[PDB]
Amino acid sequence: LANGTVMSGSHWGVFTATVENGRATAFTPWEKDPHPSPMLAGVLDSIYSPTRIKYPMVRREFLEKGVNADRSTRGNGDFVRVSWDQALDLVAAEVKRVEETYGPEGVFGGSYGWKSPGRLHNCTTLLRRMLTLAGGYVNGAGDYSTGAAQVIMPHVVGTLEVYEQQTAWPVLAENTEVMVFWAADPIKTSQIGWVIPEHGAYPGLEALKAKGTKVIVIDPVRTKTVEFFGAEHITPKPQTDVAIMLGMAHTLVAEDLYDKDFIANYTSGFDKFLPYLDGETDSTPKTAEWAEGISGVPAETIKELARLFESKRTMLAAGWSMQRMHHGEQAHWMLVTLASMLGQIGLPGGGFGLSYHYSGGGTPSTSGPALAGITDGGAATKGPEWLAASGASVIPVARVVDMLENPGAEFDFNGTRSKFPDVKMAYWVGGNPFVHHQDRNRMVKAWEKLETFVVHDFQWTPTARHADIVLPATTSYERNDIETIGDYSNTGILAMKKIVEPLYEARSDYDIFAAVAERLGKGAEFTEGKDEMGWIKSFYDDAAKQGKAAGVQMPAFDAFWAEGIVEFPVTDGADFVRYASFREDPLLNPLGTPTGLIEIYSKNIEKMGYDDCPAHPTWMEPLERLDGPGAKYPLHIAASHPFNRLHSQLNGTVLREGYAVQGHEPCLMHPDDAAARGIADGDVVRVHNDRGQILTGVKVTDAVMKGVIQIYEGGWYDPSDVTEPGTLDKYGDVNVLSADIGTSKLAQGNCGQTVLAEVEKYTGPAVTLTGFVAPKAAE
């Protein structure tokens, strides 16, 4: 049996595995990783945990009745174990039947999800590769992270902005005087990467603290970011950040401090925004005192913050939670507008940055080449013949349930009108929509419209428990692959080597789709005559020929594989200043906006005439907010990203023991809010509102501000009874309480953090958790 060490990587970093008699027994972090993540131990455990999917399973009702099956029982665990040949035939038959009967509009292939890194074993692209050969599919656009901000930014600054390289960390160390983390917890969220992370922000944060720079955190929760710096902490009522920004802007106008030259030469439309700010249009001057009444943040604090930002070199590093809410578009639009008034855009250490908390943004980029990977083939096809009627071929990701509920209906998106297709089948790989999507009870009922639902995963998630057909996938650690280290830095290329043999009857997504493509008569088209190592060698060889051309030397494929990693050099990467060239000469280097300047007022958005997205940053009442006029529930749920999970990943591993409270997902509550309900620390509680009800376990702390509770997203939904409408979730999936609505007509983003609820001590009948053990028939 195999004994030795093997280096690989993941979403949590680079590591070395210890293998003993063919079993991975420890994962040790890479020696050059400046800040390893404590979740590595959970990654290892994820391979062997009790929720690992062993065999291909078919839903008993679906097996016996096909499309006439009762669809209300999806999720009850009544599965039938089948052979791979049986399951593959069924999957291929169903894909073919739906394509022939309904056309490409009948198959939803968006399959949103964080999957695993790797250029070959990219399950979502592999699924689209197969669906392409099958006749077509409906896809998803945008994402659940910057759903509103990625659509508003291009109308304001010209590009996406959120997924672009930031002013380098070192530039910040020598020039920044005031660092503001606005709705950002970089310490918590910098642990993972889309591709292998280099954890480059930790060293960057460490240099700011060593320099003694003043740090301000604006967040309702006292996070590790606050604690790490001993920062001045401002706690607004969730969803009122725009009110505070207007209050600050108003102060800068009233005391005549803002930068008129900056505004005059680099922006457009300020004069159309001024009247609103002064109350000329609505009779409501947006003062610091007016902001105080809405946000709860003292008027004088708001004025002192405004003045400090204007007199010191300030960097506004904003997170994404505050645009994952109703009217999300205004949050970063107003932030840029405030940034414009301060006049530091394009100066070393000043301006704003939207990716300092995500995937190493700000870590100096190397001069290394770009790495490519398997494609879905669409760019060299001549896909479906599509047209309105049948409907749109692309929907904004968060409108999947609206689509199911309203086939043929029209919807708005960024100035256009399209129709919802009539989807009959959904195929999901590498995602967990039964945890990640909003308003669980609404979505549980809307799923009944799908005849067939196919899922691949290696863990028994809520999504997999609800499938008609479940196929067991392998982890990254049971195969070979290649991937980039550093989403922005491009630190190097890593060989992701196989650690152990596939467990049970698990198969890679690639092999599964290969076999399904074979049954549709398209085997060679899918595989291209290459095997695993042939694909990986061609990605590397292409990068090397690109490297060569640019003067970067790279070893031959087998030399690279023997080493396991290539590292690229940093040349001018550490001196990068975002927007510097625009500041230096705006006429020669203008933005990609109609006017070529920062658009505070948008004529383009004006012509769309959307009620929920005015032509300039505006304060608007959200669906529900803490202490809002007529608010029905009293507590705001900060349903943010989990510290010891990657979304739902690693919930069914040994890490859960360290944070669960009586077996349930933890809930942070302030002592005063606990006292009022006669709630003691460690008690099981019922959290509920009009959309659903869930059980969590309380942790009493003053880390959360009064009026706010913290229940992280990602908990595995564990319904008491799937056939009972609004059944109680026994574990703690925060998305059973959120609403499923668009941010506005412009972006249609998710409003996953626009949630209010009530909490009461749980006194009902004892409950048995069943989400962390495999379905009985799957053992």
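Numbering starts at 1 and follows the sequence shown.
Asker: Is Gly391 unresolved, in the sense of carrying no coordinates, in at least a third of the other compared entries?
Answerer: Missing in at least a third of the others, so yes.
Asker: Is it true that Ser268 goes unbuilt in a third or more of the other compared entries of this protein?
Answerer: Looking at the other entries that model residues on either side of it, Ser268 is present in every one.
Asker: So which stretch wins on mean C-alpha B-factor, 263-271 or 241-249?
Answerer: Per the deposited B-factors, the answer is 263-271.
Asker: Highest mean C-alpha temperature factor of the two stretches 666-674 and 492-500, which is it?
Answerer: That would be 666-674.
Asker: Tell me, please, which of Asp185, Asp143, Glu198, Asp611 has the highest C-alpha B factor according to the deposited entry?
Answerer: Highest C-alpha B-factor among the listed options: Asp611.
Asker: Hey, out of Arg128, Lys699, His357, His436, whose CA B-factor is highest in the deposited coordinates?
Answerer: Result of the comparison over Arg128, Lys699, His357, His436: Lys699.
Asker: Would the CA B-factor of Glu505 place it in the lowest, middle or highest third of its chain?
Answerer: For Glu505, the deposited C-alpha B-factor lands in the highest third.
Asker: C-alpha B factor of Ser8, ranked within the chain: lowest, middle or highest third?
Answerer: As the PDB entry reports it, the C-alpha B-factor of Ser8 lands in the lowest third of its chain.
Asker: Looking at the temperature factor on the CA atom of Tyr427, which third of the chain's modelled residues does it land in?
Answerer: Bottom third by C-alpha B-factor.
Asker: Looking at the temperature factor on the CA atom of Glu292, which third of the chain's modelled residues does it land in?
Answerer: CA B-factor rank for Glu292: middle third.
Asker: Rank-wise, by C-alpha B-factor, drop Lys54 into the lowest, middle or highest third of its chain.
Answerer: Within its chain, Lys54 is a middle-third residue by C-alpha B-factor, going by the deposited values.
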